[PDB]
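Number of protein chains: 4
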Amino acid sequence: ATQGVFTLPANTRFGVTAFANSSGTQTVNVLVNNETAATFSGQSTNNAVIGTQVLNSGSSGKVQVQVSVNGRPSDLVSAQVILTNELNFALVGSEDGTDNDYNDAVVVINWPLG
Amino acid sequence: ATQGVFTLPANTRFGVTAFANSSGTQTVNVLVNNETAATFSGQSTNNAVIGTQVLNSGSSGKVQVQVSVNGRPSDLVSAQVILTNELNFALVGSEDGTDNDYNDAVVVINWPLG
Amino acid sequence: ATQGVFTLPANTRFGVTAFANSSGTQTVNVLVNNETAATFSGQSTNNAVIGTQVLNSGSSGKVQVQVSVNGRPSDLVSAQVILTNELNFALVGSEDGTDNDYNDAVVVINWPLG
Amino acid sequence: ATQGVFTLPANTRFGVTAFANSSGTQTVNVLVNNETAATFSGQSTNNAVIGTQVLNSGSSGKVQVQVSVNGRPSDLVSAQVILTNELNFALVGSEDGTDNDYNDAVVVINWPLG
DNA sequence: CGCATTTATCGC
DNA sequence: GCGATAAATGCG
DNA sequence: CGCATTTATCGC
DNA sequence: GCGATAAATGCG
DNA sequence: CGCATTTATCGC
DNA sequence: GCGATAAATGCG
DNA sequence: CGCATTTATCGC
DNA sequence: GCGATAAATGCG
Ligand SMILES: *O[P@@](*)(=O*)O(*)[C][C][C]1O[C]([C])[C]([O])[C]([O])[C]1[O]
Ligand SMILES: *O[P@@](*)(=O*)O(*)[C][C][C]1O[C]([C])[C]([O])[C]([O])[C]1[O]
Ligand SMILES: *O[P@@](*)(=O*)O(*)[C][C][C]1O[C]([C])[C]([O])[C]([O])[C]1[O]
Ligand SMILES: *O[P@@](*)(=O*)O(*)[C][C][C]1O[C]([C])[C]([O])[C]([O])[C]1[O]
Ligand SMILES: [Ca+2]
Ligand SMILES: [Ca+2]
Ligand SMILES: [Ca+2]
Ligand SMILES: [Ca+2]
Ligand SMILES: [Ca+2]
Ligand SMILES: [Ca+2]
Ligand SMILES: [Ca+2]
Ligand SMILES: [Ca+2]
Ligand code: NA
Ligand code: NA
Ligand code: NA
Ligand code: NA
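Residue numbers (the numbering used here), protein chains in the order written: chain F, 4 to 117; chain S, 4 to 117; chain H, 4 to 117; chain L, 4 to 117.
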């Protein structure tokens, strides 16, 4: 199924964060309404932050995360969690290799902010 | 109920990350087996990373997250999510004020690494 | 923090389901906009369904779940999960005793329907 | 990625529940260690329970859920959630059609029991 | 015509 | 913890 | 004034 | 897999 | 050799 | 809320 | 006595 | 994508 696509409230400030756990060079791309809004690129095998950002839903709220590595797009896993019906997490994993750990690029979206 | 306490596999490398969304000065404390293992302190209202870290479960796996602010401990919300039965997230929110947004200190644990 | 309270889209059909895992007699109560909409009562220690139902968000969407047992309200744990940004789960646990398993009354809300 | 596969503690009692939200006739199949352990079959478009069951992890814990409809296997979405580090949910959605609601067969595993 | 007027939410 | 902000009728 | 008119979503 | 449904101007 | 002996967890 | 249950040395 | 010996997992 | 790693009997 379609992974890494989330609908958050229209025109809402949120935070994006990505980590790396692979020898491959992660090209994390964050779209908003099918528009590129941010691009993190880095390499790590020790869960290093390759990018943080504050963005805006726009006035759809269609945030999507794509993860390419060296050109080859990765396969994605995603979910959204809400605590106390206020604090939201949007979680994205990704696999570039074959050992199925899906941590090569870990993306964490969260909102509300402030 | 008890929040911010997680049991991850014995002796396993994981990553801890904290953000701030409050005028209050977040004192994030990360215990392992009731031992302090890491202490992040910072202030932000723009979801800034106040700390990243690679730690070890030890040989219980009892990771706990506590969040004090200016002395006053915050109330916590927590959950653990697993994708494709391999990639784990342990999420912690916290409230220091009264507006119940619970984003003042957002803590994100993830594993496996590498 | 406040548990067992969820905001789902205005005027939306969803399903409620409750289970029992305690010698105590679970009085599961499902409010909508602070109005009682359904009341399941039963007893089991073998995860028996004590009630299923199709309800409507109304035109707020404030669905709340309360769990009393023999009069004494239980302490609640809750979260909401979304898969493929379409299929929603709202999960509620509850504790009437002291052994902290929180399965005495397990409540599962899901939507969309059809 | 691989969906509908969960690893729960060895030799542990849990509950399986399935719902239906499609004109298609859902053949929910629940394997344990790649052994069929339970088979629910039913039809509904009003979120009807097509099966409940108490099973055992066995001594691997590899519980898998497969969903065929009229022969054609469905595409799956899955996740596991844990509250207060005690109460576990394993959630499975599935799509037999093309409208991508993924509620046609909703499967809910939960543990511990008692 | 467009543009000010009239307590829950967002932003530093 | 604070203050600035924003479907109908009236008006420039 | 209220009430029909004009492709994405919900319901059996 | 199918069909019925629903911010502005026009009208009864 | 196999089989009883010696406080956290599971089952009705 | 209750009680029955289960890595080493000793033994039948 | 302790210490090497004998394909799924973790670490850079 | 790679290689180093780790319940019983044997032995120093
Ligand atoms: O696909 P191949 O060139 O390899 C890379 C594997 C990659 O890095 C290693 C360290 C591991 O973490 C794996 O999960 C990644 O996919
Ligand atoms: O409790 P009081 O001194 O205030 C602080 C509120 C705090 O900061 C603001 C910006 C808001 O984000 C709120 O959520 C925090 O609790
Ligand atoms: O609080 P006390 O009268 O007891 C009841 C415990 C109750 O039932 C048992 C079976 C157990 O499952 C526990 O979790 C429940 O709280
Ligand atoms: O695939 P086609 O024969 O159709 C069936 C659609 C099916 O039922 C309807 C009611 C809807 O709920 C859809 O989600 C299901 O896939
Ligand atoms: Ca990988
Ligand atoms: Ca990896
Ligand atoms: Ca706050
Ligand atoms: Ca805040
Ligand atoms: Ca209990
Ligand atoms: Ca119980
Ligand atoms: Ca469908
Ligand atoms: Ca359906
Ligand atoms: Na006033
Ligand atoms: Na037409
Ligand atoms: Na004794
Ligand atoms: Na060999």
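Here a beta-carbon is modelled for each residue, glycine too, at the ideal position from N, C-alpha and C.
- With the criterion set as a beta carbon lying under 7 Å from some beta carbon of chain S, the members of the segment 76-106 of chain L are 82, 83, 84, 85, 86, 87 and 88, in sequence order.
- Residue environment for residue 96 of chain H: buried (at least 16 other C-beta atoms within 10 angstroms of its C-beta).
- Here the residues close to ligand 6, judged by CB distance below 6 Å to any of its heavy atoms, are F:24, F:25, F:104, F:106, F:107 and S:117 in chain order.
- Nearest in C-alpha terms to residue 112 of chain F, of all of F:6, F:36, F:91 and F:106, is F:91.
- Taking 9 Å as the upper bound on Cβ-Cβ separation, chain H lies near no residue of the segment 19-51 of chain S.
- In terms of Cα proximity to residue 72 of chain F, the closest of F:42, F:114 and F:12 is F:42.
- Taking one beta carbon from each stretch, the segment 57-76 of chain F and the segment 9-21 of chain F have 3 or more pairs nearer than 8 Å; the two touch.
- In terms of beta-carbon proximity, residue 8 of chain H lines the interface with chain F, with at least one pair separated by less than 8 Å.
- Residue 44 of chain H is not a Cβ neighbour of residue 56 of chain H, given a cutoff of 8 Å.
- Excluding sequence positions up to five before and after residue 83 of chain H, its CB lies within less than 8 Å of the CB of 9, 91, 92, 93 and 94, all in the same chain and listed in chain order.
- Not a single heavy atom of ligand 11 lies less than 7 Å from the C-beta of residue 45 of chain L.
- With contacts defined by Cβ atoms closer than 8 Å, residue 70 of chain H and residue 76 of chain H form a contacting pair.
- Residue burial annotation: residue 6 of chain S is buried, with at least 16 other C-beta atoms found within 10 angstroms of its C-beta.
- Beta-bridge partners assigned by DSSP to residue 76 of chain S: S:71.
- Residues of chain S whose Cβ lies closer than 9 Å to the Cβ of residue 4 of chain H are, in chain order, 6, 78, 79, 80, 96, 98, 103 and 105.
- At least one heavy atom of ligand 5 lies less than 7 Å from the C-beta of residue 98 of chain F.
- Within chain F, no C-beta atom comes nearer than 8 Å to that of residue 12 of chain S; the closest sits roughly 13 Å away.
- Within the model, the alpha-carbon separation for residue 102 of chain H versus residue 108 of chain H is close to 14 Å.
- In this structure, the C-beta of residue 78 of chain F stays at least 7 Å away from each heavy atom of ligand 5.
- Per DSSP, reduced to three states, the secondary structure at residue 46 of chain F is strand.
- If you draw a straight line from the Cα of residue 110 of chain S to the Cα of residue 20 of chain S, it comes to about 6 Å.
- The beta carbon of residue 7 of chain H sits no closer than 7 Å to any heavy atom of ligand 1.
- Annotation for residue 90 of chain F: the continuous beta strand (DSSP E) segment containing it runs 90-98.
- Between residue 15 of chain L and chain H, the shortest Cβ-Cβ separation is not below 8 Å.
- Around the beta carbon of residue 81 of chain L, a 10 Å sphere encloses 16 or more other beta carbons of the protein chains shown; the residue is thus reported as buried.
- For residue 28 of chain F, the shortest separation between its Cβ and any heavy atom of ligand 1 does not lie below 7 Å.
- Between residue 22 of chain L and residue 18 of chain H, the C-beta spacing is below 8 Å.
- Interface residue (Cβ-Cβ distance to chain L less than 8 Å): residue 117 of chain H is classified as such.
- Leaving aside the five residues that flank residue 51 of chain S on each side, the residues in its chain whose CB is nearer than 8 Å to its CB run, in chain order, 22, 23 and 45.
- In this structure, residue 48 of chain S has its beta carbon less than 7 Å from a heavy atom of ligand 2.
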